[PDB]
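Worksheet for the structure shown next.
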Amino acid sequence: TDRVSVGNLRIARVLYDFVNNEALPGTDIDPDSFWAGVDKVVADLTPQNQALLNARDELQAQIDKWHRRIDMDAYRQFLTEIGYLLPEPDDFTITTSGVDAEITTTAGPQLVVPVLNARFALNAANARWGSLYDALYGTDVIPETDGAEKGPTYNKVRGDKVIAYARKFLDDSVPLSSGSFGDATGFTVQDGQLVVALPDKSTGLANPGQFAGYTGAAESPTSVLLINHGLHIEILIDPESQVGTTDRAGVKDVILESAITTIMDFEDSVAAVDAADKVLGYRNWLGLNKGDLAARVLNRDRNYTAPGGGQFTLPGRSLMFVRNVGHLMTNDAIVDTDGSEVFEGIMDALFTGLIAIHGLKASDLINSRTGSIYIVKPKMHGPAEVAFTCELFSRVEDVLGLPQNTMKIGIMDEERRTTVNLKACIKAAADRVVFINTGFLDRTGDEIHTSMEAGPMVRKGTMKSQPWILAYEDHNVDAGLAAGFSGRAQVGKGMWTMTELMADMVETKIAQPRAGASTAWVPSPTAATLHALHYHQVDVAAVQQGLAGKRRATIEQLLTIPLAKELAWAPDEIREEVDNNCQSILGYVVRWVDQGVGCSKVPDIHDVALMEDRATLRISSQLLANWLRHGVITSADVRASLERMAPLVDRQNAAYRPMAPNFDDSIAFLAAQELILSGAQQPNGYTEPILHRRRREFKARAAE
Ligand SMILES: O=C(O)/C(O)=C/C(=O)c1ccccc1[N+](=O)[O-]
Ligand SMILES: [Mg+2]
Ligand SMILES: [Mg+2]
């Protein structure tokens, strides 16, 4: 066996060498002190980690029996009796300190990217700045009506619409004293203020404070930098450029400050099932903190001249979080003496936290300037599970020699037992917490699994509008604002998965900042630059203070189970949900299992590209597992559907292995089936157990 004994642990050698040879040098941490720390932390914390996991099963079993023997007073009383619904703590204010401004103050988009893909992770870190011309010209925010269609070459009819769109943005964000930007013919900086040339007059900024800087000579600058609600707009000025030639002010582009923070994902969008997989993950995370990851390279910072005349710089990179995995899974990258696998979550803290120290120091220019290590922790259930994550970070800080509370924690509110105790979860981390975020996809899967025995749920799509989720979204903001999150921590909302439907994202996702969210999740750098628009039209700081003190969601609203009313569907409706669910499951799982791809675009039954990840997978299989459980469909239907959709997914992928015609010969196909047929028996509906096992089994038979 290629393992390394360290006390009670047997470290997979690939991981052993990587830490010693790549992650520890630079940190001043003695390798044997590190590995005695791993050993000791694993030994001391693994038992409660397991106790907490058993707490989950015991609660779900009591809820199961309860349903099997719809009064809300009784339900609330029973949940209280079994310790599911814990009392509300007294009002309080978080004490988290040492946090960078991108999280305390600035409201804006938040990109999430799979850390196992270096080209993506680089573009995400770079997406702090994004071309708005590119985002309007490339997507459907400029519709492709007659004459405005994208071709192989530039469509100036379309590009002129792009200019016109952006001009209206400039007018509505950084207004002139009089006139419009569309009538601009030039820009100069004189006596520290910005003067815009109009045809017949010459106006300046209504709020000249919105003037932030410029590059080049003030006599005629190369760009003009503006600020509005804490976010920067940079007008690029280049007449002999291709777009600028046509522009009335020689404007070449409008750069938006976009992905303020980026989450490098080790969880639901990657497939890492062994030390080989985690080491690729960790290595990329290291190359991000060290600054030297190259596929494409991290951008330098941006240089400006202040309106006064001095120089200054702004970060060229998005402030990086890392999303660890949660308390459930173990990974054989480390086994113990008895052969038991070590909990993956404990390992990510040790290893991503260690690696993140490189981001606190100068790179051959930094991540956090204030000394924090920003860790999203997902899939927690209740305040005890938070206090445990806190304790884990405390022991890792000791092993790493970091000051206490260096390791900050972005709380995912995405599990029902966290929602209905959210105040207490925020309090458990009152000195560590940097955001709460509504992980609404995960949170729907737990909604289905928790009440699986109560009856059939409503269709997947009906769920984004059910009472419980509207209540959960408001309750989240109310709790964050109440804990004093405004000006201290982020209040975050969820991912826009329709990667191609950018006109719809620009039309509807504005709902999130309007709901008091200082950040919300985007799937691409482009989506971040287009979601940046909403923070220029919504004053989130104002919105949050208008909200402060409100209580908009009662406990009964949150506990409104999404049961389907009595005989609410026709055959064509039931079949379509099944077909649409089976195809999303298949199209995702087949790339997970056969190729180790943790996120990919899979077009639903209506041909809309949906960015799929493990959370949308938990919804699909849990819903179908629930309809199967309550008679809505037969096992014939599930198999017919899985078989009808399998060859379509083959077509959409046509170096990959088809699933049809020999379905029971495809490991990926059998995994899809198991996720459904076993779905009711996976803990809390979690898909990693089936996914990790089937991925491991494909890698093994591929090696033989
Ligand atoms: O609802 C939550 O549980 C949540 O955390 C969702 C996401 O993670 C997500 C969902 C679909 C695609 C891509 C991502 N992503 O983050 O990259
Ligand atoms: Mg404003
Ligand atoms: Mg999630």
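Chain labels run A, B, ... following the order of the structure tokens; each chain numbers its residues from 1, and ligands are numbered from 1 in the order shown.
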
Subject >> All residues 10 Å or closer to residue 184 (chain A), only C-alpha atoms, same chain fewer than 2 positions away omitted, as a ChimeraX atom specification >> reply: /A:167,179-182,186-187,196-199,202-203,247-251

**OP:** Identify, counting only C-alpha atoms and all ligand atoms, the protein, DNA and RNA residues located within 10 Å of ligand 3, and give them as a PyMOL selection string.
**Re:** chain A and resi 267-269+323+325-326+377-379+412-415+437-445+494-495+613-616+618

Writer output for current selection, C-alpha atoms, as an mmCIF file, in the first residue's frame:
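Okay, again04.cif is ready:
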```
data_model
loop_
_atom_site.group_PDB
_atom_site.id
_atom_site.type_symbol
_atom_site.label_atom_id
_atom_site.label_comp_id
_atom_site.auth_asym_id
_atom_site.auth_seq_id
_atom_site.Cartn_x
_atom_site.Cartn_y
_atom_site.Cartn_z
ATOM 1 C CA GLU A 267 -18.179 20.629 -2.730
ATOM 2 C CA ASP A 268 -21.249 20.265 -4.938
ATOM 3 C CA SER A 269 -19.703 21.236 -8.285
ATOM 4 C CA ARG A 323 -16.300 26.082 0.007
ATOM 5 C CA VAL A 325 -17.469 19.954 2.140
ATOM 6 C CA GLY A 326 -19.891 19.482 5.050
ATOM 7 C CA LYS A 377 -19.328 25.564 5.221
ATOM 8 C CA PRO A 378 -22.304 23.780 3.541
ATOM 9 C CA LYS A 379 -25.085 21.352 4.544
ATOM 10 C CA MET A 412 -25.062 28.124 4.127
ATOM 11 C CA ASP A 413 -28.703 28.211 5.241
ATOM 12 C CA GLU A 414 -29.804 25.247 3.087
ATOM 13 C CA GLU A 415 -31.189 22.632 5.502
ATOM 14 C CA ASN A 437 -26.773 32.453 2.277
ATOM 15 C CA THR A 438 -30.000 30.809 1.128
ATOM 16 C CA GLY A 439 -28.844 27.593 -0.560
ATOM 17 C CA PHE A 440 -32.316 27.153 -1.985
ATOM 18 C CA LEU A 441 -31.624 24.130 -4.199
ATOM 19 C CA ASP A 442 -30.109 22.062 -1.355
ATOM 20 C CA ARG A 443 -32.829 23.483 0.884
ATOM 21 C CA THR A 444 -35.518 22.131 -1.433
ATOM 22 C CA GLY A 445 -34.020 18.638 -1.399
ATOM 23 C CA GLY A 494 -29.021 31.717 -4.542
ATOM 24 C CA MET A 495 -27.750 30.618 -7.937
ATOM 25 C CA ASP A 613 -24.681 20.275 -9.719
ATOM 26 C CA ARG A 614 -25.180 17.934 -6.766
ATOM 27 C CA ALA A 615 -27.969 20.079 -5.245
ATOM 28 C CA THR A 616 -30.171 20.110 -8.342
ATOM 29 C CA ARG A 618 -30.788 15.946 -4.879
#
```

**OP:** Kindly indicate which residue among A:473, A:650, A:336, A:576 lies nearest to ligand 1, using only C-alpha atoms and all ligand atoms for the distances.
**Re:** A:473

**OP:** Go through region 289-357 of chain A and collect every residue that DSSP, computed from the backbone, puts in alpha helix (DSSP H); the answer should be as an MDAnalysis selection string.
**Re:** chainID A and resid 289:290 344:356

Keeping only N, CA, C and O atoms, take the residues you just selected and write them out as a PDB file, in the first residue's frame.
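Output file out.pdb is given in full below:
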```
ATOM      1  N   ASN A 289      -3.978  30.918  -4.090  1.00  0.00           N
ATOM      2  CA  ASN A 289      -3.443  31.692  -2.975  1.00  0.00           C
ATOM      3  C   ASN A 289      -1.984  32.101  -3.205  1.00  0.00           C
ATOM      4  O   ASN A 289      -1.586  33.213  -2.847  1.00  0.00           O
ATOM      5  N   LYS A 290      -1.164  31.219  -3.782  1.00  0.00           N
ATOM      6  CA  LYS A 290       0.213  31.601  -4.098  1.00  0.00           C
ATOM      7  C   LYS A 290       0.291  32.587  -5.257  1.00  0.00           C
ATOM      8  O   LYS A 290       1.308  33.271  -5.402  1.00  0.00           O
ATOM      9  N   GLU A 344     -14.157  13.771   5.443  1.00  0.00           N
ATOM     10  CA  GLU A 344     -13.594  14.693   4.456  1.00  0.00           C
ATOM     11  C   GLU A 344     -13.635  16.130   4.957  1.00  0.00           C
ATOM     12  O   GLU A 344     -12.707  16.908   4.706  1.00  0.00           O
ATOM     13  N   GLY A 345     -14.707  16.500   5.662  1.00  0.00           N
ATOM     14  CA  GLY A 345     -14.833  17.872   6.124  1.00  0.00           C
ATOM     15  C   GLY A 345     -13.714  18.295   7.061  1.00  0.00           C
ATOM     16  O   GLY A 345     -13.187  19.407   6.953  1.00  0.00           O
ATOM     17  N   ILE A 346     -13.345  17.419   7.999  1.00  0.00           N
ATOM     18  CA  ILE A 346     -12.239  17.731   8.892  1.00  0.00           C
ATOM     19  C   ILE A 346     -10.963  17.960   8.090  1.00  0.00           C
ATOM     20  O   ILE A 346     -10.170  18.857   8.407  1.00  0.00           O
ATOM     21  N   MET A 347     -10.777  17.199   7.000  1.00  0.00           N
ATOM     22  CA  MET A 347      -9.549  17.306   6.209  1.00  0.00           C
ATOM     23  C   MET A 347      -9.504  18.603   5.412  1.00  0.00           C
ATOM     24  O   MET A 347      -8.433  19.208   5.262  1.00  0.00           O
ATOM     25  N   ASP A 348     -10.644  19.039   4.879  1.00  0.00           N
ATOM     26  CA  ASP A 348     -10.649  20.275   4.102  1.00  0.00           C
ATOM     27  C   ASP A 348     -10.219  21.459   4.966  1.00  0.00           C
ATOM     28  O   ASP A 348      -9.427  22.300   4.522  1.00  0.00           O
ATOM     29  N   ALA A 349     -10.704  21.520   6.215  1.00  0.00           N
ATOM     30  CA  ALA A 349     -10.314  22.597   7.122  1.00  0.00           C
ATOM     31  C   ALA A 349      -8.804  22.644   7.293  1.00  0.00           C
ATOM     32  O   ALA A 349      -8.168  23.685   7.082  1.00  0.00           O
ATOM     33  N   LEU A 350      -8.216  21.509   7.679  1.00  0.00           N
ATOM     34  CA  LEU A 350      -6.768  21.388   7.770  1.00  0.00           C
ATOM     35  C   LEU A 350      -6.085  21.784   6.466  1.00  0.00           C
ATOM     36  O   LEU A 350      -5.127  22.562   6.461  1.00  0.00           O
ATOM     37  N   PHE A 351      -6.553  21.246   5.347  1.00  0.00           N
ATOM     38  CA  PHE A 351      -5.771  21.401   4.124  1.00  0.00           C
ATOM     39  C   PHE A 351      -6.081  22.697   3.379  1.00  0.00           C
ATOM     40  O   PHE A 351      -5.154  23.365   2.912  1.00  0.00           O
ATOM     41  N   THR A 352      -7.353  23.088   3.265  1.00  0.00           N
ATOM     42  CA  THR A 352      -7.630  24.372   2.627  1.00  0.00           C
ATOM     43  C   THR A 352      -7.199  25.540   3.521  1.00  0.00           C
ATOM     44  O   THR A 352      -6.689  26.556   3.021  1.00  0.00           O
ATOM     45  N   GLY A 353      -7.344  25.396   4.840  1.00  0.00           N
ATOM     46  CA  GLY A 353      -6.875  26.433   5.742  1.00  0.00           C
ATOM     47  C   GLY A 353      -5.368  26.620   5.682  1.00  0.00           C
ATOM     48  O   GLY A 353      -4.875  27.750   5.597  1.00  0.00           O
ATOM     49  N   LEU A 354      -4.615  25.516   5.739  1.00  0.00           N
ATOM     50  CA  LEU A 354      -3.172  25.600   5.537  1.00  0.00           C
ATOM     51  C   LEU A 354      -2.860  26.322   4.236  1.00  0.00           C
ATOM     52  O   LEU A 354      -2.148  27.330   4.226  1.00  0.00           O
ATOM     53  N   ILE A 355      -3.402  25.817   3.124  1.00  0.00           N
ATOM     54  CA  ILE A 355      -3.117  26.396   1.815  1.00  0.00           C
ATOM     55  C   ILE A 355      -3.442  27.887   1.809  1.00  0.00           C
ATOM     56  O   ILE A 355      -2.697  28.700   1.248  1.00  0.00           O
ATOM     57  N   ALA A 356      -4.552  28.272   2.455  1.00  0.00           N
ATOM     58  CA  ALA A 356      -5.004  29.665   2.425  1.00  0.00           C
ATOM     59  C   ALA A 356      -4.034  30.636   3.103  1.00  0.00           C
ATOM     60  O   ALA A 356      -4.152  31.850   2.882  1.00  0.00           O
TER      61      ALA A 356
END
```

Subject >> Closest of A:636, A:501, A:42, A:206 to residue 178 (chain A) - atom-to-atom distances counting only C-alpha atoms >> reply: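 The answer is A:206, which sits nearest to residue 178 (chain A).
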
Subject >> Spatial neighbours of residue 681 (chain A), max dist 10 Å, only C-alpha atoms, sep filter under 5 positions, as an MDAnalysis selection string >> reply: chainID A and resid 449 625 675:676 686

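The smallest atom-to-atom distance between residue 150 (chain A) and any of A:227, A:176, A:136, A:409, using only C-alpha atoms, is found for A:136.
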
Dump as a Markdown table the rows for residues of chain A within 7 Å of ligand 2: closest atom pair and distance in Å with one decimal, only C-alpha atoms and all ligand atoms counted, ordered by chain and rising residue number.
```
| residue | atom | partner | partner_atom_place_in_ligand_line | distance |
| --- | --- | --- | --- | --- |
| A:173 | CA | ligand 2 | 1 (Mg) | 5.9 |
| A:228 | CA | ligand 2 | 1 (Mg) | 5.8 |
| A:229 | CA | ligand 2 | 1 (Mg) | 5.9 |
| A:536 | CA | ligand 2 | 1 (Mg) | 6.5 |
| A:537 | CA | ligand 2 | 1 (Mg) | 6.8 |
| A:539 | CA | ligand 2 | 1 (Mg) | 6.6 |
```

Atoms kept (C-alpha atoms) for selection, written as an mmCIF file, in the first residue's frame:
```
data_model
loop_
_atom_site.group_PDB
_atom_site.id
_atom_site.type_symbol
_atom_site.label_atom_id
_atom_site.label_comp_id
_atom_site.auth_asym_id
_atom_site.auth_seq_id
_atom_site.Cartn_x
_atom_site.Cartn_y
_atom_site.Cartn_z
ATOM 1 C CA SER A 173 -26.093 55.223 -12.525
ATOM 2 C CA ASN A 228 -21.877 54.192 -7.675
ATOM 3 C CA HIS A 229 -23.151 52.251 -4.648
ATOM 4 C CA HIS A 536 -26.395 49.915 -9.550
ATOM 5 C CA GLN A 537 -30.202 50.273 -9.656
ATOM 6 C CA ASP A 539 -29.399 50.648 -3.046
#
```

Original post:
Do you know which residues are at most 8 Å from residue 452 (chain A) counting only C-alpha atoms, after dropping those on the same chain fewer than 3 positions away, and could you put them as a PyMOL selection string?
Top reply: chain A and resi 64+448-449+455-456+626+680

Original post:
Among region 197-233 of chain A, which ones does DSSP place in strand (DSSP E or B), written as a list in words?
Top reply: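 The residues of region 197-233 of chain A classed as strand (DSSP E or B) are residues 197, 202, 203, 204, 205, 211, 212, 213, 214, 215, 223, 224, 225, 226, 227, 228, 231, 232 and 233 of chain A.
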
Those selected residues, please, written with N, CA and C atoms and delivered as an mmCIF file, in the first residue's frame.
```cif
data_model
loop_
_atom_site.group_PDB
_atom_site.id
_atom_site.type_symbol
_atom_site.label_atom_id
_atom_site.label_comp_id
_atom_site.auth_asym_id
_atom_site.auth_seq_id
_atom_site.Cartn_x
_atom_site.Cartn_y
_atom_site.Cartn_z
ATOM 1 N N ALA A 197 -18.061 66.530 -22.515
ATOM 2 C CA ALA A 197 -18.369 67.429 -23.623
ATOM 3 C C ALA A 197 -19.697 67.033 -24.256
ATOM 4 N N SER A 202 -21.487 71.738 -21.881
ATOM 5 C CA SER A 202 -20.416 70.931 -21.307
ATOM 6 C C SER A 202 -20.736 70.736 -19.823
ATOM 7 N N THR A 203 -21.336 69.600 -19.489
ATOM 8 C CA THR A 203 -21.813 69.351 -18.139
ATOM 9 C C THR A 203 -20.804 68.503 -17.374
ATOM 10 N N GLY A 204 -21.086 68.310 -16.086
ATOM 11 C CA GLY A 204 -20.266 67.506 -15.204
ATOM 12 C C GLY A 204 -21.151 66.534 -14.455
ATOM 13 N N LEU A 205 -20.598 65.846 -13.457
ATOM 14 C CA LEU A 205 -21.348 64.813 -12.753
ATOM 15 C C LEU A 205 -22.316 65.439 -11.763
ATOM 16 N N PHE A 211 -17.185 60.652 -9.357
ATOM 17 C CA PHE A 211 -15.940 60.592 -10.099
ATOM 18 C C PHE A 211 -14.873 59.941 -9.232
ATOM 19 N N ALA A 212 -14.246 58.884 -9.748
ATOM 20 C CA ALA A 212 -13.297 58.089 -8.982
ATOM 21 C C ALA A 212 -11.856 58.189 -9.469
ATOM 22 N N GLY A 213 -11.627 58.407 -10.760
ATOM 23 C CA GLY A 213 -10.271 58.485 -11.261
ATOM 24 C C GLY A 213 -10.232 58.386 -12.775
ATOM 25 N N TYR A 214 -9.025 58.140 -13.289
ATOM 26 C CA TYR A 214 -8.786 58.080 -14.727
ATOM 27 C C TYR A 214 -7.370 57.586 -14.971
ATOM 28 N N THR A 215 -7.145 57.067 -16.178
ATOM 29 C CA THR A 215 -5.819 56.693 -16.644
ATOM 30 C C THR A 215 -5.427 57.573 -17.824
ATOM 31 N N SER A 223 -9.129 56.388 -19.992
ATOM 32 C CA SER A 223 -10.350 55.838 -19.425
ATOM 33 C C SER A 223 -10.831 56.750 -18.307
ATOM 34 N N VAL A 224 -12.113 56.602 -17.964
ATOM 35 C CA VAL A 224 -12.763 57.380 -16.913
ATOM 36 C C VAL A 224 -13.389 56.408 -15.922
ATOM 37 N N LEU A 225 -13.006 56.521 -14.654
ATOM 38 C CA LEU A 225 -13.435 55.609 -13.604
ATOM 39 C C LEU A 225 -14.462 56.292 -12.716
ATOM 40 N N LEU A 226 -15.609 55.650 -12.557
ATOM 41 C CA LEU A 226 -16.721 56.178 -11.791
ATOM 42 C C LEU A 226 -17.124 55.167 -10.722
ATOM 43 N N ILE A 227 -17.751 55.662 -9.669
ATOM 44 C CA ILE A 227 -18.253 54.796 -8.619
ATOM 45 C C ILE A 227 -19.724 55.099 -8.377
ATOM 46 N N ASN A 228 -20.451 54.069 -7.959
ATOM 47 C CA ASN A 228 -21.877 54.192 -7.675
ATOM 48 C C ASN A 228 -22.283 52.996 -6.829
ATOM 49 N N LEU A 231 -19.552 50.358 -6.293
ATOM 50 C CA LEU A 231 -19.072 49.565 -7.421
ATOM 51 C C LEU A 231 -18.590 50.475 -8.552
ATOM 52 N N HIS A 232 -17.475 50.081 -9.176
ATOM 53 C CA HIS A 232 -16.751 50.931 -10.104
ATOM 54 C C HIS A 232 -17.189 50.658 -11.532
ATOM 55 N N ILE A 233 -17.314 51.738 -12.304
ATOM 56 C CA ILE A 233 -17.565 51.710 -13.740
ATOM 57 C C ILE A 233 -16.369 52.374 -14.405
#
```

Subject >> Selection near residue 52 (chain A), 8 Å with only C-alpha atoms, sequence-local residues under 4 positions removed, as a list in words >> reply: residues 48, 56, 384 and 385 of chain A

Original post:
How many Å lie between CA of residue 553 (chain A) and CA of residue 477 (chain A), rounded to one decimal?
Top reply: 10.4 Å

**OP:** Find the residues around residue 190 (chain A) up to 9 Å (only C-alpha atoms counted), leave out those fewer than 5 positions away in its own chain, and share them as a list in words.
**Re:** residues 195, 218, 219 and 307 of chain A

Restricted to C-alpha atoms, what would the selected residues look like written as a PDB file, in the first residue's frame?
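After the write, again07.pdb holds the following:
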```pdb
ATOM      1  CA  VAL A 195     -16.130  67.468 -17.515  1.00  0.00           C
ATOM      2  CA  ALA A 218      -6.290  64.487 -17.715  1.00  0.00           C
ATOM      3  CA  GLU A 219      -5.962  66.603 -20.889  1.00  0.00           C
ATOM      4  CA  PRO A 307      -9.141  63.001  -9.224  1.00  0.00           C
TER       5      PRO A 307
END
```

Subject >> Residue contacts of residue 357 (chain A) (10 Å, only C-alpha atoms) excluding same-chain residues fewer than 5 positions away, as a PyMOL selection string >> reply: chain A and resi 23-24+26-27+286+289-290+352+367-368+371-373+400+402+406

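Among the candidate residues A:700, A:121, A:389, A:620, the one lying nearest to residue 270 (chain A) is A:121, with distances computed using only C-alpha atoms.
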
**OP:** Find the residue from A:399, A:380, A:63, A:628 that sits nearest to ligand 1; use only C-alpha atoms and all ligand atoms when measuring.
**Re:**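 With only C-alpha atoms and all ligand atoms as the atom set, the closest residue is A:380.
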
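Nearest residue to residue 234 (chain A) among A:246, A:469, A:295, A:302 is A:302, counting only C-alpha atoms.
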
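CA of residue 130 (chain A) is found 11.8 Å from CA of residue 235 (chain A).
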